[PDB]
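**Student:** The structure follows.
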Amino acid sequence: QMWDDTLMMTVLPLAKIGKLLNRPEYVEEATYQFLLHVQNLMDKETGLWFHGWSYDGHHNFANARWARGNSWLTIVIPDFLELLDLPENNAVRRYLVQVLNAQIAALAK
Amino acid sequence: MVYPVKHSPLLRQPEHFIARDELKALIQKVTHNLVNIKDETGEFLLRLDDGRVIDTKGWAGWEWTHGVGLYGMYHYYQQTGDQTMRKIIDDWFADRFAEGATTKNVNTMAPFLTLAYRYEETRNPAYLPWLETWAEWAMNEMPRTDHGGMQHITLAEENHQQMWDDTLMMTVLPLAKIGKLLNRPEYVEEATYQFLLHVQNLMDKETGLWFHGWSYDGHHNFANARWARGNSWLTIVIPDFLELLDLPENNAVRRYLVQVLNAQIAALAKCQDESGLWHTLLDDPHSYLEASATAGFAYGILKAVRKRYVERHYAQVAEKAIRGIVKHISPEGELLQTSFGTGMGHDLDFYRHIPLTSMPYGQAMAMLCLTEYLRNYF
Amino acid sequence: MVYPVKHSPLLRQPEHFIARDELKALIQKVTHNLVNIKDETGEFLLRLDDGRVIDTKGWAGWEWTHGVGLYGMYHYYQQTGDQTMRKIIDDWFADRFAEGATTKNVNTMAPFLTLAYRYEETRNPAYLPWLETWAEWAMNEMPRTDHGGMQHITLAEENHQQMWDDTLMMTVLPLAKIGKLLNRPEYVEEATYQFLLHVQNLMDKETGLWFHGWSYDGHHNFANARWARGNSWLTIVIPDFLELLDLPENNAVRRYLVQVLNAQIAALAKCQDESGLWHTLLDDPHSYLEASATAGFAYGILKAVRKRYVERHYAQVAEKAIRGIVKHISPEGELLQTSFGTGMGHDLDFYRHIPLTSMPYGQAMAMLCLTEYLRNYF
Amino acid sequence: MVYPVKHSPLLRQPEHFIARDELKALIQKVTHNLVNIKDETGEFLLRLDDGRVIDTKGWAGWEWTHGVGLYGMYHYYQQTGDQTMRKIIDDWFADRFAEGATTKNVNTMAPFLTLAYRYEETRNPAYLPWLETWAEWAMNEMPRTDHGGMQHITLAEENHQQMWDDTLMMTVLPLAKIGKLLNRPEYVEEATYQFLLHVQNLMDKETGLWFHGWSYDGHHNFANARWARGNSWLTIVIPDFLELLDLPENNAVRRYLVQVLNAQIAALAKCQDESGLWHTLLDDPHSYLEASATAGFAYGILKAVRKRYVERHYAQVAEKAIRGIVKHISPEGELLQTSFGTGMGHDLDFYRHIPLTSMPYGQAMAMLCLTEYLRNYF
């Protein structure tokens, strides 16, 4: 099982520790987790995220667009971008920003 | 005094079902066929209210099909230095260029992938404005969807707000190659972004396979078609793109692309029909089998094994498909079960009833996969 | 089926007013005209009191005029690889150099911009002493005005303390290219400094156009002439100089140059004549129309749009001028409404009354704008 | 209508006392004479109890003097691209190598400077082993004096613990060039060290001139001779060495070397005979005039001015010397007033008793300064 929360509770801490201790492997692992979570949780139909995913049956449980779950993403992406401090044209930075824009666009609606 | 060897996988010769030079002769026959394809009926010709009639099937035309054709040829040329292939490539370009540029779109872009490679070897200055102009167009003028996705705009249709699998082969990869070639990392950044967005919109996390199309007008995947040839474009592009990118093994983007490729290859393994071929609707065992998609699959799976993007055992899948492909090459050299150009379907049946017929990409994809298979003979 | 395309700006063909190959033929004719220019009367010959007679009009001379001449030819050759162009270019240098060197001044420098380009591709060792000696003279011996400005010294006149628009084309652009080519950043820095100081002394902040000349001997702009050809040198040089510098987008100097260019181009748009040409005094509608300036403008504006130094809507300005140019090319390939060599005027009439005669720069500027226009056909 | 220009230093034609083409034919003539020298008398045949009969005059020999000869010709070839000159250089090496290698010493090293240049251009793999072998010798096997000074061992003398002016030209400069070419910085550091140590033991702080020799055996400068040709090696070598090192202007070593050069040229300009030539003992007028030295000085001064290692006004000294060299070139193409292999003098009168003969270095040094003077015609 993969959940929204993991990005805030473990991934962001990993990333910060990676930068602080100069351990880029940590940051690469973190970035990879962002990408995979986007893949399995983000809802392309709305811009919102599903609460959970599971490789056991390959599904999103109730397909719940749960608010607090979604708020972890709104918190985490900007902080994660801040830490990565990537050039504006960077493809990963653009991608993350794109996901953020999709979510905020839908939240505002 | 004779040494025991046949018993040991380590000491014994490879079990080549087909001999190296037989393979080469097949590729030659397949090439001869391609440059000699003719639409007799004129039934397949693309017609616009412009007055334009574009031959999509004959060699003297300019569209994505020729784009794929030239690339397959280039591959063979690149590996063996065969001057026969070279001349055919350079001639196509000279002929088309004397005629004059066609109009710009996702598909007419494809040939610039091969031109990029030819410019790389020869540094012919006459090529450089072609490459700069079209890449610059792809960067700055080509229509974009929401979120700056590349819109699959065609000779024939706007396709407002739509993104297709095929875009990855016909424009993204060429843009990446040119970006590397002309040292313009912006092109490569754009290319990577397009990959990620395409994955977001087209990959089916449920199966590992991909949907043919996506539209931002309604946020849907049309018929949700898991179409063979389209998927093939990814099995082809990801490995070529990765090789272009040359990123370290633990790079998040490299790992992310290897992951997408893997999820697909695993799903394809389970999808392969006894014949080593794949169904034109991959998850519909009653669709007709389709050879050109099958060929792209063979290529990618082979290359992904060679490059270690996926584990060795996937070779068997490739090996079956390759045997199947050879079985489907006619004595004239025509790749048998090729489906004609396929647009976006609004229902599944649409994909089921696409006409079968020989095409530049049919022949080219055969040579793509067959050329990668030749590496087994080094 | 026939697909509807004519109805869409994205899908329909370009409406070229002239065909690609007709455009090339025109260029051929214009070149042929250029290399055959003669001055029968002798009335245009530059005469000096040491007895030197120097044909600024015929191809056999060595003047700023031939330099522009060569640059235009070089652009067409660089784009197309045309060996007829190449041989005309190399024969001029071959002929001049066997004659032996002319004296060094702001004008006789101009040919080396093209020589640099030829050296870059041939690496002919015999070109190196020419480029080095001449660039070094520009660095260390060419007279300087107050504040280290380049003095517009010519074959004929010291022009003590004077800076003109023309210096940026004839000497500065040459110096910068040679700086990049020989890895001498000092040459590029000197070039960049000159630009800044010319802007300071010549750009009219009130209009965005430039005065022809400035003097530190009285701190004045002579007749405050907003002279067309003079201004066009800026429109040519800034885009070429930006390209050569290849600086990041937000680089202060790059931005500042882009501002200078936009200020000029915005002004040029507002004073373009209905015919597409500009008036030899840009802000004087009762002044005669001048084609050479117009060509220079056509080129700069086209390139600026291509490189995205200015917004796309400016393309229509460029389009109107290109039609004006074409309409001003005689069947014998001459560019009508070319004004003769123009010095520093002390009053506006001086500009209003320059004679009209064909000149290398006139032909060459046509070639220049037309070659850039040709890029619309890739 | 004529422009007044003859009164102005900025506007007027250069006054050349000899025309470019005349000068070129003089160089060819001097060259033609060089590659035909012989002493059918046997007069100068170096003899060794070795049983070695070595020809120091003929062109088909291998002495320090061919090294200088090859170097001059190479300069001419480098500047002009003259294939006649290239062939003479290449042939000499081909012939010598066929005969086989001479023994290694300070003098036989000289020709490898030119070979380094030809290898740089041609990348002829048969040249590398020669270059590596002789450079390794210079680094690791050539005898050293106290403090690692390169001992000046000649073909027939050890000159134990002795350091001479000549070593800088004949071995040090070749080492340095080879160091840059083969990317072997150790070679360049060794070279730089030798420059410093030679300055220390040979330069005369009292005058700015150099003493011919030094010896760590008794710590002295033999006759304390300020010998012209000896001094000319320094005038030639420093500018060329600075050129190769290509150091920032503020670099302490670069400043130092330039300082030494300025001290020497300052003194040369002061002791130059009105004929433009220098005396073989530079500080003694009653010394006879020596043209080969004068040529060495003309080259160095001319080059130092060009590279701006010294102020422009020194061109006046060079110009006088150059006129003098030319007056001393017979119609046969021979540099008159050229002294024979001068050794280490134990007293001044020694230098005042040298044999005067045509030598690969006389003509060689004549063509060296003439070739550099030719740069004045671009």
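Residue numbers start at 1 in each chain; chains themselves are named A, B, ... in the order of the structure tokens; ligands are numbered from 1 in the order shown.
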Could you pull the residues within 9 Å of residue C:339, counting only C-alpha atoms, minus those fewer than 5 positions along the same chain, as a list in words?
**Tutor:**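 Non-adjacent residues within range: residues 229, 280, 290, 291, 292, 354, 355, 356, 357, 358, 359 and 362 of chain C.
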**Student:** Please write the residues from the selection above to a file, keeping C-alpha atoms, as a PDB file, in the first residue's frame.
**Tutor:**
ATOM      1  CA  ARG C 229      20.775  53.304 -43.557  1.00  0.00           C
ATOM      2  CA  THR C 280      16.116  58.068 -45.878  1.00  0.00           C
ATOM      3  CA  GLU C 290      15.621  54.257 -49.522  1.00  0.00           C
ATOM      4  CA  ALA C 291      15.803  50.557 -50.324  1.00  0.00           C
ATOM      5  CA  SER C 292      19.176  49.593 -48.807  1.00  0.00           C
ATOM      6  CA  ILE C 354      22.442  62.030 -51.581  1.00  0.00           C
ATOM      7  CA  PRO C 355      22.708  60.672 -55.144  1.00  0.00           C
ATOM      8  CA  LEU C 356      21.176  57.324 -56.135  1.00  0.00           C
ATOM      9  CA  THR C 357      23.370  54.598 -57.617  1.00  0.00           C
ATOM     10  CA  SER C 358      23.752  50.836 -57.290  1.00  0.00           C
ATOM     11  CA  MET C 359      26.295  49.703 -54.671  1.00  0.00           C
ATOM     12  CA  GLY C 362      22.736  47.765 -51.700  1.00  0.00           C
TER      13      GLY C 362
END
**Student:** Check stretch 57-303 of chain B with DSSP on the backbone and list each residue it calls alpha helix (DSSP H), as a PyMOL selection string.
**Tutor:** chain B and resi 64-80+83-99+111-122+128-140+167+173-181+185-202+228-245+252-269+291-303
**Student:** Can I get the selected residues back with C-alpha atoms, as a compact mmCIF listing (two decimals), in the first residue's frame?
**Tutor:**
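For reference, part31.txt as written:
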# COMPACT_ATOMS: atom_id res chain seq x y z
CA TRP B 64 5.58 10.02 -39.86
CA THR B 65 5.72 6.69 -41.63
CA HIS B 66 8.78 7.68 -43.63
CA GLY B 67 10.11 9.04 -40.35
CA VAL B 68 9.96 5.59 -38.81
CA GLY B 69 11.21 4.06 -42.04
CA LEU B 70 14.35 6.21 -42.12
CA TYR B 71 15.11 5.42 -38.46
CA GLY B 72 14.93 1.66 -38.95
CA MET B 73 17.24 2.01 -41.94
CA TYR B 74 19.56 4.28 -39.96
CA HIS B 75 19.84 1.65 -37.24
CA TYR B 76 21.05 -0.94 -39.71
CA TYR B 77 23.42 1.58 -41.28
CA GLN B 78 24.76 2.66 -37.90
CA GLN B 79 25.63 -0.93 -36.91
CA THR B 80 27.12 -2.22 -40.18
CA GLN B 83 26.48 2.20 -47.89
CA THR B 84 23.31 0.94 -49.61
CA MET B 85 21.26 2.01 -46.58
CA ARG B 86 23.12 5.32 -46.43
CA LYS B 87 22.34 6.23 -50.03
CA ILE B 88 18.64 5.44 -49.60
CA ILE B 89 18.50 7.74 -46.56
CA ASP B 90 20.41 10.64 -48.08
CA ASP B 91 18.42 10.30 -51.31
CA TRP B 92 15.08 10.51 -49.51
CA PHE B 93 16.22 13.72 -47.85
CA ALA B 94 17.63 15.22 -51.04
CA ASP B 95 14.49 14.37 -53.00
CA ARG B 96 12.14 15.76 -50.35
CA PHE B 97 14.21 18.87 -49.89
CA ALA B 98 14.39 19.65 -53.61
CA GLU B 99 10.59 19.36 -53.69
CA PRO B 111 12.25 12.30 -40.16
CA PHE B 112 14.39 14.89 -38.36
CA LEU B 113 15.48 12.25 -35.88
CA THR B 114 17.38 10.52 -38.70
CA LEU B 115 18.58 13.77 -40.22
CA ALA B 116 20.03 14.67 -36.84
CA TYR B 117 22.13 11.53 -36.92
CA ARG B 118 23.21 12.19 -40.49
CA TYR B 119 24.21 15.75 -39.62
CA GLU B 120 26.14 14.37 -36.64
CA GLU B 121 28.28 12.16 -38.96
CA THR B 122 28.70 14.52 -41.93
CA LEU B 128 21.51 22.73 -39.98
CA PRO B 129 18.69 25.23 -40.77
CA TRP B 130 16.32 22.27 -41.24
CA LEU B 131 17.14 20.97 -37.77
CA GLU B 132 17.15 24.38 -36.08
CA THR B 133 13.97 25.53 -37.73
CA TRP B 134 11.88 22.44 -36.90
CA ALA B 135 13.20 21.97 -33.36
CA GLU B 136 12.61 25.67 -32.74
CA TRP B 137 9.05 25.15 -34.02
CA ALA B 138 8.51 22.17 -31.72
CA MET B 139 9.74 24.33 -28.86
CA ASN B 140 7.85 27.57 -29.45
CA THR B 167 3.84 11.92 -30.05
CA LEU B 173 12.55 11.73 -29.38
CA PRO B 174 13.67 13.81 -32.40
CA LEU B 175 13.63 16.91 -30.20
CA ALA B 176 15.75 15.19 -27.55
CA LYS B 177 18.27 14.00 -30.12
CA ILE B 178 18.62 17.44 -31.68
CA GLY B 179 18.96 19.01 -28.23
CA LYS B 180 21.88 16.76 -27.43
CA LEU B 181 23.31 17.23 -30.94
CA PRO B 185 19.82 21.46 -23.10
CA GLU B 186 16.48 23.34 -23.18
CA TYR B 187 15.30 20.94 -25.90
CA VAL B 188 16.19 17.98 -23.73
CA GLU B 189 14.51 19.49 -20.66
CA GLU B 190 11.37 20.04 -22.72
CA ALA B 191 11.60 16.46 -23.97
CA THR B 192 11.84 15.00 -20.44
CA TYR B 193 8.94 17.09 -19.28
CA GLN B 194 6.87 15.84 -22.19
CA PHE B 195 7.69 12.24 -21.17
CA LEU B 196 6.55 12.78 -17.57
CA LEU B 197 3.32 14.48 -18.65
CA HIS B 198 2.59 11.80 -21.22
CA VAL B 199 3.13 9.10 -18.57
CA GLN B 200 0.79 10.99 -16.22
CA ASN B 201 -1.99 11.04 -18.82
CA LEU B 202 -1.59 7.86 -20.85
CA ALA B 228 -0.64 -2.38 -29.62
CA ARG B 229 1.30 -0.18 -32.05
CA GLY B 230 0.90 2.83 -29.73
CA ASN B 231 2.36 0.93 -26.77
CA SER B 232 5.11 -0.23 -29.06
CA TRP B 233 6.14 3.41 -29.55
CA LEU B 234 6.99 3.46 -25.87
CA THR B 235 8.84 0.20 -25.72
CA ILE B 236 10.92 1.73 -28.51
CA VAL B 237 11.32 5.27 -27.21
CA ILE B 238 12.05 4.77 -23.54
CA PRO B 239 15.19 2.74 -24.24
CA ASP B 240 16.35 5.09 -26.97
CA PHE B 241 15.58 8.12 -24.85
CA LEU B 242 17.41 6.62 -21.86
CA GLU B 243 20.43 5.92 -23.98
CA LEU B 244 20.34 9.52 -25.20
CA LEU B 245 20.08 10.82 -21.63
CA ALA B 252 15.45 9.61 -10.13
CA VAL B 253 14.41 10.27 -13.70
CA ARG B 254 16.38 7.34 -15.09
CA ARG B 255 14.90 5.09 -12.40
CA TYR B 256 11.44 6.46 -13.05
CA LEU B 257 11.67 5.69 -16.77
CA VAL B 258 13.11 2.24 -16.20
CA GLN B 259 10.11 1.66 -13.91
CA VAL B 260 7.56 2.69 -16.55
CA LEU B 261 9.31 0.49 -19.09
CA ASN B 262 9.31 -2.44 -16.66
CA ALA B 263 5.65 -2.18 -15.75
CA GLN B 264 4.94 -2.28 -19.49
CA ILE B 265 7.28 -5.13 -20.39
CA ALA B 266 5.87 -7.26 -17.53
CA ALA B 267 2.32 -6.63 -18.77
CA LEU B 268 3.35 -7.43 -22.34
CA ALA B 269 4.94 -10.68 -21.28
CA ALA B 291 3.07 -7.53 -36.69
CA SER B 292 4.38 -3.96 -36.62
CA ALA B 293 3.50 -3.36 -32.97
CA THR B 294 4.98 -6.81 -32.31
CA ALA B 295 8.20 -5.68 -34.04
CA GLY B 296 8.56 -2.53 -31.94
CA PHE B 297 7.97 -4.62 -28.85
CA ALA B 298 10.65 -7.07 -29.91
CA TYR B 299 13.08 -4.22 -30.43
CA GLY B 300 12.50 -2.54 -27.08
CA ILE B 301 12.45 -5.71 -25.05
CA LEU B 302 15.67 -6.82 -26.71
CA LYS B 303 17.35 -3.48 -26.10
**Student:** Could you give me, as a list in words, the residues within 8 Å of residue D:106, counting only C-alpha atoms and dropping anything in the same chain fewer than 5 positions from it?
**Tutor:**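 Neighbouring residues, sequence-local ones excluded: residues 64, 152, 153, 154, 167, 170 and 171 of chain D.
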**Student:** For N, CA, C and O atoms, I'd like the residues from the last selection saved as a PDB file, in the first residue's frame.
**Tutor:**
ATOM      1  N   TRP D  64      73.068  22.091 -34.773  1.00  0.00           N
ATOM      2  CA  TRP D  64      72.175  23.096 -34.192  1.00  0.00           C
ATOM      3  C   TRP D  64      71.736  24.072 -35.269  1.00  0.00           C
ATOM      4  O   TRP D  64      70.630  24.622 -35.248  1.00  0.00           O
ATOM      5  N   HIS D 152      75.756  22.532 -21.193  1.00  0.00           N
ATOM      6  CA  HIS D 152      75.843  22.721 -22.631  1.00  0.00           C
ATOM      7  C   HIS D 152      76.816  21.722 -23.334  1.00  0.00           C
ATOM      8  O   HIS D 152      77.842  22.137 -23.873  1.00  0.00           O
ATOM      9  N   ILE D 153      76.488  20.423 -23.329  1.00  0.00           N
ATOM     10  CA  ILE D 153      77.312  19.408 -24.001  1.00  0.00           C
ATOM     11  C   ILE D 153      77.130  19.443 -25.493  1.00  0.00           C
ATOM     12  O   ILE D 153      76.030  19.284 -25.990  1.00  0.00           O
ATOM     13  N   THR D 154      78.228  19.581 -26.208  1.00  0.00           N
ATOM     14  CA  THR D 154      78.180  19.688 -27.642  1.00  0.00           C
ATOM     15  C   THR D 154      78.540  18.315 -28.230  1.00  0.00           C
ATOM     16  O   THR D 154      78.687  17.338 -27.500  1.00  0.00           O
ATOM     17  N   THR D 167      71.896  27.275 -25.175  1.00  0.00           N
ATOM     18  CA  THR D 167      71.088  26.164 -24.697  1.00  0.00           C
ATOM     19  C   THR D 167      69.581  26.504 -24.654  1.00  0.00           C
ATOM     20  O   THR D 167      68.732  25.664 -24.926  1.00  0.00           O
ATOM     21  N   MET D 170      68.530  26.070 -28.453  1.00  0.00           N
ATOM     22  CA  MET D 170      68.762  24.760 -29.026  1.00  0.00           C
ATOM     23  C   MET D 170      68.067  23.597 -28.314  1.00  0.00           C
ATOM     24  O   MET D 170      67.721  22.596 -28.956  1.00  0.00           O
ATOM     25  N   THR D 171      67.857  23.707 -27.009  1.00  0.00           N
ATOM     26  CA  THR D 171      67.238  22.596 -26.299  1.00  0.00           C
ATOM     27  C   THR D 171      66.036  22.990 -25.459  1.00  0.00           C
ATOM     28  O   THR D 171      65.026  22.288 -25.455  1.00  0.00           O
TER      29      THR D 171
END
**Student:** Just give me the gap between atom CA of residue B:272 and atom CA of residue A:58 in Å, one decimal is fine.
**Tutor:**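 Atom CA of residue A:58 lies at a distance of 20.7 Å from atom CA of residue B:272.
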**Student:** Enumerate, as a list in words, the complete set of residues in stretch 9-149 of chain D that a backbone-based DSSP assignment places in strand (DSSP E).
**Tutor:** residues 46, 47, 53 and 54 of chain D
**Student:** Got a sec: who's within 9 Å of residue A:104, counting only C-alpha atoms, leaving out chain neighbours fewer than 3 positions off, as a short mmCIF file (atom, residue, chain, number, x, y, z; two decimals) with N, CA and C atoms, in the first residue's frame?
**Tutor:**
data_model
loop_
_atom_site.label_atom_id
_atom_site.label_comp_id
_atom_site.auth_asym_id
_atom_site.auth_seq_id
_atom_site.Cartn_x
_atom_site.Cartn_y
_atom_site.Cartn_z
N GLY A 47 -7.41 16.55 -10.84
CA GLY A 47 -6.29 17.32 -10.34
C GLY A 47 -6.08 17.03 -8.87
N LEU A 48 -7.01 16.27 -8.29
CA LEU A 48 -6.90 15.89 -6.88
C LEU A 48 -6.26 14.52 -6.76
N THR A 74 -0.32 19.52 -0.76
CA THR A 74 -0.24 20.96 -0.89
C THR A 74 0.89 21.50 0.00
N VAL A 99 1.98 19.45 -11.16
CA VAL A 99 1.10 18.65 -10.29
C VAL A 99 0.49 19.56 -9.25
N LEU A 100 1.31 20.44 -8.70
CA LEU A 100 0.85 21.40 -7.72
C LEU A 100 -0.24 22.27 -8.36
N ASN A 101 0.04 22.82 -9.55
CA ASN A 101 -0.95 23.67 -10.21
C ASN A 101 -2.27 22.96 -10.48
N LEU A 107 -8.59 22.77 -6.14
CA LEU A 107 -8.98 23.15 -4.78
C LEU A 107 -9.75 24.46 -4.82
N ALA A 108 -9.25 25.40 -5.60
CA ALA A 108 -9.85 26.71 -5.69
C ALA A 108 -11.27 26.59 -6.23
N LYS A 109 -11.49 25.58 -7.07
CA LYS A 109 -12.81 25.38 -7.62
C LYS A 109 -13.79 24.75 -6.63
#
**Student:** Using only C-alpha atoms and a cut-off of 12 Å, which residues of chain A sit close to chain B? Please list them as a ChimeraX atom specification.
**Tutor:** /A:24-47,53-60,87-102,105
**Student:** Please determine the contact residues of chain D with respect to chain C at a cut-off of 12 Å, counting only C-alpha atoms, and supply them as an NGL selection string.
**Tutor:** :D and (1-15 or 19-21 or 75-83 or 121 or 246 or 248 or 305-308 or 311-312 or 371-372 or 374-378)
**Student:** Save the residues we just selected, C-alpha atoms, as a CSV table (one decimal), in the first residue's frame?
**Tutor:**
chain,number,residue,atom,x,y,z
D,1,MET,CA,37.4,66.1,-55.8
D,2,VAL,CA,40.4,64.8,-53.7
D,3,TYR,CA,40.9,64.1,-50.0
D,4,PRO,CA,44.1,65.4,-48.4
D,5,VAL,CA,45.8,62.5,-46.6
D,6,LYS,CA,49.5,62.6,-47.2
D,7,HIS,CA,50.2,64.9,-44.2
D,8,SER,CA,48.5,62.6,-41.7
D,9,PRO,CA,50.3,59.7,-39.9
D,10,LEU,CA,46.8,58.2,-39.4
D,11,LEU,CA,45.7,58.5,-43.0
D,12,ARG,CA,48.8,58.0,-45.1
D,13,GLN,CA,50.2,54.9,-46.9
D,14,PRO,CA,53.0,53.0,-45.2
D,15,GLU,CA,56.4,53.8,-46.6
D,19,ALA,CA,57.9,45.8,-51.5
D,20,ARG,CA,56.1,42.8,-50.0
D,21,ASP,CA,56.7,40.7,-53.0
D,75,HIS,CA,57.8,30.4,-39.7
D,76,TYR,CA,57.6,31.3,-43.4
D,77,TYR,CA,55.6,28.2,-44.1
D,78,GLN,CA,53.3,28.9,-41.0
D,79,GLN,CA,52.7,32.5,-42.1
D,80,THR,CA,52.2,32.0,-45.8
D,81,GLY,CA,51.4,28.3,-46.4
D,82,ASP,CA,54.2,28.0,-48.9
D,83,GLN,CA,54.3,24.4,-50.0
D,121,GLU,CA,49.8,19.7,-38.0
D,246,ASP,CA,50.6,32.2,-22.9
D,248,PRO,CA,48.2,36.3,-17.9
D,305,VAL,CA,57.0,45.0,-30.4
D,306,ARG,CA,54.2,43.1,-32.1
D,307,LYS,CA,53.4,41.1,-29.0
D,308,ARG,CA,53.7,44.3,-27.1
D,311,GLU,CA,56.9,49.5,-26.4
D,312,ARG,CA,56.2,50.3,-30.0
D,371,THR,CA,59.6,36.5,-42.3
D,372,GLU,CA,58.7,38.3,-39.1
D,374,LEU,CA,56.7,40.5,-43.5
D,375,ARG,CA,54.0,40.7,-40.9
D,376,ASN,CA,54.3,44.5,-41.4
D,377,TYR,CA,52.6,44.1,-44.7
D,378,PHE,CA,49.2,42.8,-43.5
**Student:** Can you pull out every residue within 10 Å of residue C:287, counting only C-alpha atoms, but drop anything in the same chain fewer than 2 positions away, and send it as a PyMOL selection string?
**Tutor:** chain C and resi 278-285+289-290+348-349+351-353
**Student:** Output the selection as a PDB file, in the first residue's frame - C-alpha atoms for each residue.
**Tutor:**
ATOM      1  CA  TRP C 278      11.457  53.595 -45.004  1.00  0.00           C
ATOM      2  CA  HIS C 279      12.396  57.242 -45.714  1.00  0.00           C
ATOM      3  CA  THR C 280      16.116  58.068 -45.878  1.00  0.00           C
ATOM      4  CA  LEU C 281      15.331  60.395 -42.995  1.00  0.00           C
ATOM      5  CA  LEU C 282      13.084  58.056 -41.018  1.00  0.00           C
ATOM      6  CA  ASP C 283      11.043  60.838 -39.463  1.00  0.00           C
ATOM      7  CA  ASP C 284      10.663  62.770 -42.721  1.00  0.00           C
ATOM      8  CA  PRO C 285       7.848  61.593 -45.059  1.00  0.00           C
ATOM      9  CA  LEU C 289      12.404  56.258 -49.912  1.00  0.00           C
ATOM     10  CA  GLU C 290      15.621  54.257 -49.522  1.00  0.00           C
ATOM     11  CA  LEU C 348      19.171  67.529 -42.944  1.00  0.00           C
ATOM     12  CA  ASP C 349      19.301  68.504 -46.639  1.00  0.00           C
ATOM     13  CA  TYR C 351      20.785  63.498 -46.364  1.00  0.00           C
ATOM     14  CA  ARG C 352      17.799  64.496 -48.502  1.00  0.00           C
ATOM     15  CA  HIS C 353      20.234  65.141 -51.388  1.00  0.00           C
TER      16      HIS C 353
END
**Student:** Please indicate the distance in Å from atom CA of residue C:338 to atom CA of residue C:159, rounded to one decimal place.
**Tutor:**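 So the two atoms, atom CA of residue C:338 and atom CA of residue C:159, lie 24.8 Å apart.
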**Student:** Between atom CA of residue C:213 and atom CA of residue C:162, what is the distance in Å, rounded to a tenth?
**Tutor:**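 Straight-line distance from atom CA of residue C:213 to atom CA of residue C:162 works out to 7.1 Å.
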**Student:** Which residues come within 8 Å of residue B:321, counting only C-alpha atoms, excluding same-chain residues fewer than 3 positions away, as a PDB file with C-alpha atoms, in the first residue's frame?
**Tutor:**
ATOM      1  CA  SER B 275       2.665 -17.091 -31.924  1.00  0.00           C
ATOM      2  CA  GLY B 276       5.110 -14.656 -30.331  1.00  0.00           C
ATOM      3  CA  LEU B 277       2.921 -11.873 -31.695  1.00  0.00           C
ATOM      4  CA  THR B 294       4.980  -6.809 -32.308  1.00  0.00           C
ATOM      5  CA  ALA B 295       8.197  -5.680 -34.039  1.00  0.00           C
ATOM      6  CA  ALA B 298      10.649  -7.071 -29.914  1.00  0.00           C
ATOM      7  CA  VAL B 317       9.644 -13.046 -24.826  1.00  0.00           C
ATOM      8  CA  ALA B 318      11.820 -11.182 -27.328  1.00  0.00           C
ATOM      9  CA  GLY B 324       7.174 -14.830 -35.081  1.00  0.00           C
ATOM     10  CA  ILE B 325       8.359 -11.757 -37.015  1.00  0.00           C
TER      11      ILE B 325
END
**Student:** Which residues come within 6 Å of stretch 1-10 of chain A, counting only C-alpha atoms, excluding same-chain residues fewer than 3 positions away, as an MDAnalysis selection string?
**Tutor:** chainID A and resid 13 51:54 69 76
**Student:** Put those residues in a file: N, CA and C atoms, as a short mmCIF file (atom, residue, chain, number, x, y, z; two decimals), in the first residue's frame.
**Tutor:**
data_model
loop_
_atom_site.label_atom_id
_atom_site.label_comp_id
_atom_site.auth_asym_id
_atom_site.auth_seq_id
_atom_site.Cartn_x
_atom_site.Cartn_y
_atom_site.Cartn_z
N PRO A 13 11.23 14.36 5.31
CA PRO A 13 12.34 14.20 6.26
C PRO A 13 13.59 13.57 5.61
N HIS A 51 -6.69 8.90 -1.87
CA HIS A 51 -6.09 8.71 -0.55
C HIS A 51 -4.99 7.65 -0.63
N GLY A 52 -5.33 6.47 -1.16
CA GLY A 52 -4.39 5.36 -1.21
C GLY A 52 -4.34 4.55 -2.49
N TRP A 53 -3.29 3.75 -2.61
CA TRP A 53 -3.13 2.80 -3.71
C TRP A 53 -2.60 1.50 -3.16
N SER A 54 -2.78 0.44 -3.93
CA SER A 54 -2.25 -0.85 -3.54
C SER A 54 -1.83 -1.69 -4.73
N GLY A 69 -5.75 14.18 3.49
CA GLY A 69 -4.80 13.48 2.64
C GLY A 69 -4.25 14.40 1.55
N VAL A 76 3.56 19.55 1.08
CA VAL A 76 4.84 18.91 0.78
C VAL A 76 5.51 19.38 -0.51
#
